[PDB]
Amino acid sequence: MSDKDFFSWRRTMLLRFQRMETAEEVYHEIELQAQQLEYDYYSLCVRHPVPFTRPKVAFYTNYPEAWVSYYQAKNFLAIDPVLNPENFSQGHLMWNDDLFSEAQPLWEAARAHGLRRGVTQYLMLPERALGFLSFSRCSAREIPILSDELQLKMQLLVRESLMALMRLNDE
Ligand SMILES: CCCCCCCC(=O)N[C@H]1CCOC1=O
């Protein structure tokens with residue numbers, strides 16, 4: 001207790017994110033922070049706009065293969081807002097039925113697979129890349145202001161994931 005205990009939590013995480021030594025452990029930590037609360041399932045999305053290759057996206061998740069196949073098979077990346085920087089009008093996204101009011105075949109399938117609500121972030125960097133994270137939760141309960149201690153920590157997790165993973169990946 002010294003008016004700075006939240007700064008010290010940030011300092012502790014900054015040290016841990018540097019000690020990862022890999023992009024894999026950087027993202028794995030932020031997803032383990034969801035699993036530690038027994039939420040449901042976790043997800044990362046990453047994109048490398050390389051000039052030497054055709055442009056590509058990578059993504060990681062503990063989701064059921066029936067959702068992961070169905071999402072890929074119909075190419076739900078075309079209709080999902082969690083990868084579209086224009087929807088992040090204050091740098092952040094929240095799941096309500098209103099947000100999914102066009103993405104109804106995303107929400108109905110996600111609801112069935114156990115992704116009963118979720119939480120989402122984005123960042124932009126002058127060094128390049130782009131990246132996103134989202135936690136799902138089996139608690140079908142409302143998103144208000146998310147919860148202040150989660151809403152700030154989410155902006156921290158997206159910053160440090162994008163920062164640590166960018167400085168490891170360079171693309
Ligand atoms: C192939 C899976 C990619 C993982 C990245 C998240 C994609 C996803 O499942 N999004 C849905 C899940 C329910 O709400 C959404 O916006």
# chains A, B, ... in the order shown; residues from 1 in each chain; ligands from 1
$ residues_near_ligand --ligand "ligand 1" --cutoff "7 Å" --atoms "only C-alpha atoms and all ligand atoms" --output "ChimeraX atom specification"
/A:43-45,59-61,68-69,71-72,80-82,106-107,110,115,118,134
$ select_by_dssp --residues "segment 2-140 of chain A" --states "strand (DSSP E or B)" --output "ChimeraX atom specification"
/A:42-48,56-61,92-94,117-123,130-137
$ write_last_selection --atoms "N, CA, C and O atoms" --output "compact mmCIF listing (two decimals), in the first residue's frame"
# COMPACT_ATOMS: atom_id res chain seq x y z
N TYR A 42 -10.47 -18.66 -24.57
CA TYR A 42 -9.57 -17.54 -24.85
C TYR A 42 -9.32 -17.35 -26.35
O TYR A 42 -9.51 -18.30 -27.11
N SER A 43 -8.87 -16.18 -26.81
CA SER A 43 -8.46 -15.98 -28.21
C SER A 43 -7.52 -14.77 -28.46
O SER A 43 -7.71 -13.67 -27.93
N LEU A 44 -6.55 -14.97 -29.37
CA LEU A 44 -5.66 -13.96 -29.95
C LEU A 44 -5.85 -13.94 -31.47
O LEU A 44 -6.00 -15.00 -32.09
N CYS A 45 -5.78 -12.76 -32.08
CA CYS A 45 -5.63 -12.59 -33.53
C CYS A 45 -4.44 -11.65 -33.81
O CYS A 45 -4.25 -10.66 -33.11
N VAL A 46 -3.62 -11.98 -34.80
CA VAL A 46 -2.37 -11.29 -35.18
C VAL A 46 -2.33 -11.20 -36.70
O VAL A 46 -2.77 -12.12 -37.37
N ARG A 47 -1.78 -10.12 -37.25
CA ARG A 47 -1.63 -9.96 -38.70
C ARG A 47 -0.32 -9.25 -39.06
O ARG A 47 0.06 -8.24 -38.46
N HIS A 48 0.37 -9.81 -40.04
CA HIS A 48 1.70 -9.40 -40.49
C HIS A 48 1.61 -8.93 -41.97
O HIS A 48 1.62 -9.76 -42.89
N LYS A 56 -1.17 -11.87 -44.62
CA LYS A 56 -1.74 -12.99 -43.85
C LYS A 56 -2.14 -12.62 -42.41
O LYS A 56 -1.73 -11.59 -41.85
N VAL A 57 -2.95 -13.50 -41.82
CA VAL A 57 -3.48 -13.44 -40.45
C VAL A 57 -3.17 -14.78 -39.76
O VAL A 57 -3.32 -15.84 -40.36
N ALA A 58 -2.78 -14.72 -38.48
CA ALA A 58 -2.67 -15.86 -37.57
C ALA A 58 -3.59 -15.65 -36.36
O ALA A 58 -3.83 -14.52 -35.93
N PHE A 59 -4.08 -16.75 -35.80
CA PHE A 59 -5.00 -16.74 -34.67
C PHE A 59 -4.84 -18.01 -33.82
O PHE A 59 -4.55 -19.09 -34.34
N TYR A 60 -5.02 -17.86 -32.51
CA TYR A 60 -4.83 -18.91 -31.50
C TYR A 60 -6.01 -18.90 -30.51
O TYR A 60 -6.49 -17.82 -30.15
N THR A 61 -6.47 -20.08 -30.07
CA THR A 61 -7.65 -20.25 -29.20
C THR A 61 -7.79 -21.68 -28.68
O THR A 61 -7.35 -22.63 -29.32
N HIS A 92 -11.65 -0.12 -28.23
CA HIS A 92 -12.19 -1.21 -27.41
C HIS A 92 -13.58 -1.68 -27.90
O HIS A 92 -14.33 -0.88 -28.47
N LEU A 93 -13.92 -2.96 -27.67
CA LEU A 93 -15.16 -3.61 -28.11
C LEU A 93 -15.84 -4.40 -26.98
O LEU A 93 -15.17 -5.04 -26.16
N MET A 94 -17.17 -4.40 -26.97
CA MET A 94 -18.04 -5.05 -25.97
C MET A 94 -19.13 -5.88 -26.64
O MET A 94 -19.80 -5.40 -27.55
N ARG A 117 -20.92 -14.76 -23.60
CA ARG A 117 -20.59 -13.33 -23.78
C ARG A 117 -19.06 -13.23 -23.90
O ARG A 117 -18.36 -14.24 -23.78
N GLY A 118 -18.53 -12.04 -24.16
CA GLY A 118 -17.09 -11.81 -24.25
C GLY A 118 -16.65 -10.36 -24.18
O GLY A 118 -17.46 -9.44 -24.03
N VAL A 119 -15.33 -10.19 -24.23
CA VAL A 119 -14.59 -8.95 -23.94
C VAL A 119 -13.49 -8.81 -25.00
O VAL A 119 -12.89 -9.83 -25.35
N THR A 120 -13.23 -7.62 -25.58
CA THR A 120 -12.37 -7.50 -26.78
C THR A 120 -11.55 -6.20 -26.83
O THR A 120 -12.02 -5.14 -26.42
N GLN A 121 -10.34 -6.27 -27.39
CA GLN A 121 -9.42 -5.14 -27.54
C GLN A 121 -8.64 -5.15 -28.87
O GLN A 121 -8.59 -6.15 -29.59
N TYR A 122 -7.99 -4.01 -29.15
CA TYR A 122 -7.22 -3.67 -30.35
C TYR A 122 -6.05 -2.72 -29.99
O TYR A 122 -6.13 -1.98 -29.00
N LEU A 123 -4.98 -2.69 -30.80
CA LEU A 123 -3.96 -1.63 -30.77
C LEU A 123 -3.36 -1.37 -32.17
O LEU A 123 -3.29 -2.28 -33.00
N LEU A 130 -0.51 -5.74 -36.83
CA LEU A 130 -1.72 -5.42 -36.07
C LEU A 130 -2.10 -6.64 -35.22
O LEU A 130 -1.69 -7.76 -35.52
N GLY A 131 -2.87 -6.42 -34.15
CA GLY A 131 -3.28 -7.48 -33.24
C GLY A 131 -4.49 -7.13 -32.39
O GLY A 131 -4.81 -5.96 -32.16
N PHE A 132 -5.13 -8.19 -31.90
CA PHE A 132 -6.37 -8.18 -31.13
C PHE A 132 -6.36 -9.34 -30.14
O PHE A 132 -5.73 -10.38 -30.38
N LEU A 133 -7.12 -9.21 -29.05
CA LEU A 133 -7.44 -10.33 -28.17
C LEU A 133 -8.93 -10.30 -27.82
O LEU A 133 -9.55 -9.23 -27.82
N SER A 134 -9.49 -11.46 -27.50
CA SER A 134 -10.81 -11.54 -26.88
C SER A 134 -10.94 -12.73 -25.93
O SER A 134 -10.57 -13.86 -26.27
N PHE A 135 -11.45 -12.50 -24.72
CA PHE A 135 -11.88 -13.58 -23.83
C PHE A 135 -13.38 -13.79 -24.03
O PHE A 135 -14.16 -12.84 -24.05
N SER A 136 -13.79 -15.05 -24.13
CA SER A 136 -15.18 -15.46 -23.97
C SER A 136 -15.46 -15.77 -22.50
O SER A 136 -14.54 -16.01 -21.72
N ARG A 137 -16.74 -15.81 -22.11
CA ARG A 137 -17.19 -16.25 -20.79
C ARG A 137 -18.53 -16.99 -20.89
O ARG A 137 -19.40 -16.61 -21.67
$ residues_around --residues "segment 22-25 of chain A" --least-positions-apart "6" --cutoff "9 Å" --atoms "only C-alpha atoms" --output "PDB file with C-alpha atoms, in the first residue's frame"
ATOM      1  CA  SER A 161       0.691  -8.372 -25.674  1.00  0.00           C
ATOM      2  CA  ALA A 164       6.011  -7.654 -26.331  1.00  0.00           C
ATOM      3  CA  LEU A 165       4.830  -9.732 -29.347  1.00  0.00           C
ATOM      4  CA  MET A 166       5.683  -6.874 -31.825  1.00  0.00           C
ATOM      5  CA  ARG A 167       9.243  -6.521 -30.384  1.00  0.00           C
ATOM      6  CA  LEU A 168       9.651 -10.362 -30.766  1.00  0.00           C
ATOM      7  CA  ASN A 169       7.994 -10.707 -34.256  1.00  0.00           C
TER       8      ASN A 169
END
$ closest_residue --among "A:100, A:84, A:95, A:89" --to "residue 145 of chain A" --atoms "only C-alpha atoms"
A:95
$ select_by_dssp --residues "segment 10-161 of chain A" --states "alpha helix (DSSP H)" --output "MDAnalysis selection string"
chainID A and resid 10:19 23:35 65:73 104:113 148:161
$ atom_distance --atom1 "atom CA of residue 158 of chain A" --atom2 "atom CA of residue 30 of chain A"
8.5 Å
$ atom_distance --atom1 "atom CA of residue 3 of chain A" --atom2 "atom CA of residue 91 of chain A"
27.0 Å
$ residues_around --residues "residue 138 of chain A" --least-positions-apart "5" --cutoff "9 Å" --atoms "only C-alpha atoms" --output "list in words"
residues 38, 39, 40, 41, 111, 114, 115, 116, 117 and 118 of chain A
$ closest_residue --among "A:102, A:124, A:170, A:160" --to "residue 14 of chain A" --atoms "only C-alpha atoms"
A:160
$ atom_distance --atom1 "atom CA of residue 33 of chain A" --atom2 "atom CA of residue 152 of chain A"
14.0 Å
